[PDB]
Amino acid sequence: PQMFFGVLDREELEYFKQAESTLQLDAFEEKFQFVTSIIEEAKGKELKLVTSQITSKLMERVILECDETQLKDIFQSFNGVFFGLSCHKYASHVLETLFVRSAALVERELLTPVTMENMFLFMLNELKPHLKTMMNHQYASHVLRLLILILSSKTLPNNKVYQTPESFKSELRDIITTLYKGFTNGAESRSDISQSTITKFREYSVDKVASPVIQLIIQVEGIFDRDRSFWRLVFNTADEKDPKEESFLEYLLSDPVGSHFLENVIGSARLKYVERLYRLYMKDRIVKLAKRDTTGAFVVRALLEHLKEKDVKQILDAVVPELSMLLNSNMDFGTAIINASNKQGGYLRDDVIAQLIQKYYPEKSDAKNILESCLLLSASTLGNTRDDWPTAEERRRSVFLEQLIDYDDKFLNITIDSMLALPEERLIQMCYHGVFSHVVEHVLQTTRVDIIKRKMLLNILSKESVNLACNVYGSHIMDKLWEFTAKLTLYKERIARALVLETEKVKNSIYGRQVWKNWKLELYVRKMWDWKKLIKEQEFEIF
């Protein structure tokens, strides 16, 4: 109804363009004087400013950089056009900024005993008629989504969470229920609603702009309204197949927005409803859903997380036998199932193990490393010439592998043998690598590994004892070798000898001096007898 408030002069435009530059410069706490000089010049033009693209961001800065009593002064200058501003491409981000600062101010008033809270309530009240429109407006829907987060003390896009006053609870309710009316054009029962409006609503859940709002509400509505009638808007209560709901489900599953709406929603549904959906519609599509990764396999994860013993068992029964084909593109389906299998007391565990070994170590091959199955090793950052750090994905991969190791002895052995299968220098390379080294050291589970493998591993690493202990990463591999070497102490001797051979290189190596302590090399050097004691100590400390 109102978003075009005139334009700026050339003189005015120049002044502010000027102003904005010197602010992002920081050539100064006289900052303030400048800032509040801008404010004085902004006096009475706030609207033109906030709507113009050139100056839109200037305002946003001033909002971020001003007195609380200037904050309010600006907030005030927006009375009676808050709705227009939110519908504006630029003004609506100014609003987003302004409302977030206000939130903190309102927490402050809340903790630090005309108030910001009341200034706020006032604005909330002029939006109220316009909610329903705000919901599917490309810009205003965000301002709306924001507000709801604010009123519910949910962390704020813009670790940023503030405590709310009581009236905020009231106001959250007034806007949840105002929407409900706008969209059910009249109370008072699921009975009274046409499936003309029900489906009108179902169609929303798949809009890119309105679906996030509907999710938010559905999650947050529980605080007051135990109905939960927004959910019931979207879904039926019990306990039979409706071809309307059913085809709506498939409509959800056959869409990115729709699938993610679904899974987020599964998260805040009460368990009654989730089981219902599963029992009714999911149960016999569960594979087709899983292999429709993605999206649609995201949902099957949500089910697993948020369901109970009988159901998850049912699911695993369906999923484990196709796990090797399900790891195709995405590993994080695998961790889902393992976590699932475990949380249920190792249900279907062996076939799970069996399925992994199928995907990553199939005994029908020359090449067999999980090191190449699981980390794309040859294709990785392992020694690039180009000074490249490990990727986030590489870390992501490593971690996966690491828990595989934890999951079963089978996997620990398989990776050891994969490391052993490698050219030795390439295993050495691993030791100096940011994430991959952690994989090496993670393999050094002295109790879980048998001696022949231990001996063989030791043999590669001993060749580089000192270079290892003076490297940021290698030192951890060397540290663990102290225990890793119990009952194999012609190798302890070997290394200790090697390290003492290079005493001055090793101490006054940041990382070296540390290994020195842990191998107790100070003893070695002075009371060699007392050393050979410790070793015998640590043997029966382990066994």
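Start at 1 and count along the sequence shown; that's the residue number.
- Counting the deposited residues that fall between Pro113 and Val114 and carry no coordinates gives a value of 10 or more.
- The entry models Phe28 and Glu29 with a gap of 1 to 3 deposited residues left without coordinates.
- Higher mean CA temperature factor, per the PDB entry, when comparing 288 to 296 with 454 to 462: 288 to 296.
- Annotation for 275 to 283 versus 182 to 190: the higher mean temperature factor (C-alpha) is found in 182 to 190.
- Remark: of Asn330, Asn118, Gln215, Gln429, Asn330 shows the highest value [criterion: C-alpha B-factor in the PDB entry].
- Placement of the Cα temperature factor of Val449 within the chain: lowest third of the modelled residues, per the deposited record.
- When the modelled residues of the chain are ordered by their C-alpha B factor, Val7 lands in the middle third.
- Among all modelled residues in this chain, the alpha-carbon of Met478 has a temperature factor (C-alpha) in the lowest third.
- In the deposited entry, the Cα temperature factor of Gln53 sits in the middle third of values across the chain's modelled residues.
- Compared with the other modelled residues of the chain, the Cα B-factor recorded for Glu60 ranks in the middle third.
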